[PDB]
6 protein chains.
Amino acid sequence: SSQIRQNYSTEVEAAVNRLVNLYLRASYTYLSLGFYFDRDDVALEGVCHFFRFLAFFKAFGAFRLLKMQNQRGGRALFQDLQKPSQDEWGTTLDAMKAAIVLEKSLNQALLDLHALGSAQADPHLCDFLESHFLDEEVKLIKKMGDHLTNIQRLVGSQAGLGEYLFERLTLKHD
Amino acid sequence: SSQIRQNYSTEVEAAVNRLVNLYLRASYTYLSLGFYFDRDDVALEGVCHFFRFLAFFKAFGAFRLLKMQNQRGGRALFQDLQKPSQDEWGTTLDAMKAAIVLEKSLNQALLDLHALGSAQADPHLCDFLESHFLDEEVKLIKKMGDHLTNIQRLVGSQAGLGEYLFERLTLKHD
Amino acid sequence: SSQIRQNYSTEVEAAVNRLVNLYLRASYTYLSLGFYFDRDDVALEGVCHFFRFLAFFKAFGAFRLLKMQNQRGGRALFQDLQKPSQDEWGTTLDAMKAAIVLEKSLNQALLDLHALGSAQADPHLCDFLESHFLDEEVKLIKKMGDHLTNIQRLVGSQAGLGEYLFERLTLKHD
Amino acid sequence: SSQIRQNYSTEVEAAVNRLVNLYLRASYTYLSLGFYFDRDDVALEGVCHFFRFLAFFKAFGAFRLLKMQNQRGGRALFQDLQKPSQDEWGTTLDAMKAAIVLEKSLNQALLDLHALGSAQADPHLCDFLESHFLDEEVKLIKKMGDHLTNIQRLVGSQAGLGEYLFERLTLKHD
Amino acid sequence: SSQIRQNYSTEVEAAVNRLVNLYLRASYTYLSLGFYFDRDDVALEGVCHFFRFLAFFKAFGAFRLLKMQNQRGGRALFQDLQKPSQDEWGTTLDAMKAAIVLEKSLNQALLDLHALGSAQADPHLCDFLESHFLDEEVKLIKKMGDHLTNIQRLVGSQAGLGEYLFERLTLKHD
Amino acid sequence: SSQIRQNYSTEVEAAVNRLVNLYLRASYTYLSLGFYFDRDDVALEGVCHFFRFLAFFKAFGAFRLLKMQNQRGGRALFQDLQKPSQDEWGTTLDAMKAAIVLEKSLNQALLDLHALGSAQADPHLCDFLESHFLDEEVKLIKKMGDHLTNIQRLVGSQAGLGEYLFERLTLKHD
Ligand SMILES: [Cl-]
Ligand SMILES: [Cl-]
Ligand SMILES: [Cl-]
Ligand SMILES: [Cl-]
Ligand SMILES: [Cl-]
Ligand SMILES: [Cl-]
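Residues numbered from 1 in each chain as written, not as in the entry; some residues may be left out. Chains lettered and ligands numbered in written order. Part of a larger assembly, values for the part shown. Heavy atoms only, no water. Residues with missing side-chain atoms left out of burial classes, pairs and counts.

*Asks:* Teacher, can you tell me more about the relation of the copies chain D and chain A here?
*Replies:* For the pair chain D and chain A, the superposition axis carries a translation of 0.0 Å, the fit reaches an RMSD of 0.0 Å, and the rotation angle comes to 180°. Accordingly, the operation relating the two chain copies is best matched by a two-fold axis. For chain D, the minimum C-alpha distance to the rotation axis belongs to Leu81 of chain D and amounts to 2.4 Å. Taken as a fraction of all interface residues of chain D, those also at the interface in chain A reach 100%, which identifies the copy contact as same-surface. (Least-squares fit on C-alpha atoms. Contact = heavy atoms within 4.5 Å.)

The structure is reproduced here in structure tokens:
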């Protein structure tokens, strides 16, 4: 079969392809979230920019996984990409909750693939995830949790005021 | 008649003169809105600056239309410029609603003139509007809609606080 | 009434609004003169540029008056802007004569408002006109008189030659 | 409904959403083509880079369409993204033929949407496609046709030699 | 037939080839006008330079049309280029009148090809002409009309003096 | 007749006009060759660029001849420009052979005009050709001969491979 493949199981190869799909689905979800916040009747630029950046970031993750698949002699296989779970995303709070849920699911998938790699004595795979994904993911979830907490603190009798202030004073815009 | 005029109908020539009037009326309306927000008892600099800029922008549009009238061999004809519809403009929300109404009317006038040009097989006219007015107008209306949405989100028990915060954190001032 | 208004009569406030109208009418007249000289069958760029600049200059004068109205606690009130006195402006000589007539009328209006301010013991108003309008106006009328004299000297059996040479050698173009 | 929507038909809105799907599907197809050419048993870097760039370019096209949908007051709706038509793409020639087929299909979709816009008297839509998509698409198809011709000229008894030389001397690598 | 041709009619292809011929004929006419004004017994450098530049400009137009023909998959076909209508071009006025006549004929040909493109639902063709030819042509005809008017104003008892002054003070030389 | 003409025969004047025609015909032939090699089904950029440059170079030669005609007091006379000998130009080899044939014909025409000048004791004419045309022409024919030899060496069982390699490694492209 492959002239380069070594210590690279069919199980890991398949799970890498599945993880690419999950990252591209996440990218697609973030594209939808970003354009929702760009609507004239939502109009929260800082939220749009936050999710738009994550769409690019998740696509980059898929690209890195696909590059690694080839470096190890595996074969990239693509599947249909499921549309995002929602067409409208509600409030900034609703969206940030959905994002944390998505990220925890991606994180569990990274942890599951790491555990498979460990079980299969594939240290290149384990290091790859540890070096390029696990800490990036922990840092992103921490940031979303921080944001969630600030959004929640700003919700009261005055939800619109809080939603505006969060977008203007925490999120990057211009 | 003209040594240069070619494929330039009397109907388009007249409609161009009418459109100049509409743009200058819009400029005048924006001058009034700007100075209203500069009043010591209104005092919203960011709103003043927003409308003052649009007054200049609409005058520029009229200048471009008049330059084109001459480039095509038509004759600029000016009519009286009607005073703005109001002497006092209410809240930022009231003003931004009035501006969107004005812009939609200008947009319909651009679309009507484009349709006349198309019907008269005048592609220079059509391209002129498409290249210098149609997208500029769509972009401006999108921005006003975004602003309207943010102003509306900030209205509640605390309308003054919201009006101040919008002017300070969304609109350009200094 | 106003939290800032002091020593600012209703008569001066009204006369300031009237003077804004006169300056905007003058701006409009200069816009018409400029585009007339831009016609393919007139084609005197230096004359077009001269009047176009005056259109901007007169609008600036109206802006300064409106800013002052607000600084004093008065209320800007806009009226319809009458179309210019002519649709076609004749020769450079005819146009420059019309401009001097317009400027003398604006000057008389400045002098009349100054006299009202003096009579009402409003030195801020008097100084405002003296510092930003009276000398600017005298300088502009002197320049137009100089131009008129040169245009007249160039009129003879060869009026077209003189009109061309004045536009090329006295007026700014490029 | 929308505070900004004007002259924007439901038919165009739906067709824009469909066109976004087509552009994202094209991006996905190009991602697959690129990683196929990055395989250790294919190893044609210049071809990988060509298709990888087109994946980014087609995603950019979808982003521009989605931005426009919002600028016009329409609502972005996403659908499932179908996996590419092939898992393996054959030779450079096979791939370049598949790309031209894909591009002609995207081009027909642009032309169809332009015709709908024209029929609906939507000049903003027509100009948008003309200014940002029609010529870009014609230029890309011309380049692929040029490439196809050069690949074909290099096919003979020595197909591998030709495939290597095309990748090294025509396509960008490093 | 062509691997790239799409939505490109035989009628448009033929009309593009005809238009190339017209632009090259115009270039040739301008070459002749330029060298006539370079004669020692004509000696009007500014007029020579004006027409020489237009010869280059019209050739550039033909080059752009030929590039587009290829981008669309059509086939460039060249025909004999007819010599200019005159061997001697008379006065600057005679020449500028001939140039405006030539330009109006080229403009009508552009408008005719645009109308054919519109009728054939070929928006790439329509946009190409609108973006690279229609406004350039309107601007050039406006300039020639301006020149004609100035030349005419300078004709009187003293035609030679006027012809010299126009060449020295309006046209670019050095 | 001419105030400047001296030692400039009617025979040389006529032959100069004929030579201008030949150079412009050559320019036209090179324009056709260049656009043929730009076809999507030919696609040899380096060959297109080679012939496109020669089209410009031959037009420059005609311009220099026309400038000289005027410097000597002769009168430029233009004739119809015959279309190129072919609509399709075959292979790079076929085209380069046609170009050498064209250049040898231009060279013979230069030599014939030089011999006429010598016979008529017109040393300005002789020097003009020697200084600006004879060596340029010898250098160009040497380059085409070098190219012909390299194209011929690359023709064998693998003509397409050779044609590609010549265009990529000898001719300038980018
Ligand atoms: Cl499937
Ligand atoms: Cl009236
Ligand atoms: Cl009224
Ligand atoms: Cl679904
Ligand atoms: Cl023939
Ligand atoms: Cl003939």
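Once you've had a look at it, read on.
*Asks:* How should the relation of the copies chain B and chain C be read in this particular structure?
*Replies:* Relating one copy of the chain to the other takes a rotation about an axis and a shift parallel to that axis. Overlay of chain B on chain C (RMSD 0.0 Å): rotation 180°, translation along the axis 0.0 Å. Both copies contact each other with a shared surface, as 100% of the interface residues of chain B are interface residues in chain C too.

*Asks:* Would you explain the nonpolar core in this entry?
*Replies:* Nonpolar side chains tend toward joint burial in soluble globular proteins. In terms of nonpolar packing, the biggest core is built from 116 residues, with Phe37 and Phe51 of chain E together with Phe37 and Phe51 of chain F touching the most fellow members. Ignoring sequence-local partners within four residues, the contact set of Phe37 of chain F consists of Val42, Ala43, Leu44, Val47, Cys48, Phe51, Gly90, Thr91, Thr92 and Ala95 of chain F. (Core = buried A, V, L, I, M, F, W, Y, C linked by side-chain atoms within 4.5 Å. Buried < 20%, exposed > 50% of the residue type's maximum accessible area, 1.4 Å probe, protein only.)

*Asks:* Whenever I open this one, the packing of aromatic side chains confuses me. Can you help?
*Replies:* Any pair of aromatic rings gets described here by the distance separating the centres and the angle formed by the planes. A complete count under the given rule lists 60 aromatic pairs over all chains for this structure. On the numbers, 5.5 Å between centres and 45° between planes, the contact of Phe128 of chain A with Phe133 of chain A is tilted. The same class applies to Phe128 of chain A and to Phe133 of chain A, which are both buried. Here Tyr30 of chain F and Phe51 of chain F contribute two aromatic rings whose centre-to-centre distance is 5.8 Å and whose plane-to-plane angle is 10°, an arrangement assigned as stacked. Remark: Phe51 of chain F occurs in helix α2 (residues 45-72) and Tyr30 of chain F occurs in helix α1 (residues 10-37); sequence separation between them is 21 residues. Classification of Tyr30 of chain F as buried rests on a relative accessible area of 0%. (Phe/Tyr/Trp six-rings, centres within 6.5 Å; stacked < 30°, edge-to-face > 60°. Helix = DSSP H or I, 4+ residues; strand = E, 2+ residues; numbered from the N terminus.)

*Asks:* Even after reading the chapter, I still don't get the interface of chain B and chain C, so can you show me in this structure?
*Replies:* Interface size is commonly expressed as the accessible area that is lost once the parts come together. In this complex, chain B contributes 29 residues to the contact, which on the side of chain C involves 29 residues. Listed by contribution, the elements that provide at least two residues to the side of chain B that touches chain C are α1 (10-38) and α2 (45-72) of chain B. Top element by residues in the side of chain B that touches chain C is α1 of chain B. It accounts for seven residues. Its residues assigned to classes, the side of chain B that touches chain C shows eleven nonpolar, eight polar and ten charged. (Nonpolar A, V, L, I, M, F, W, Y, C, P; charged D, E, K, R; others polar.)

Function-wise, these values are silent; they only describe arrangement.
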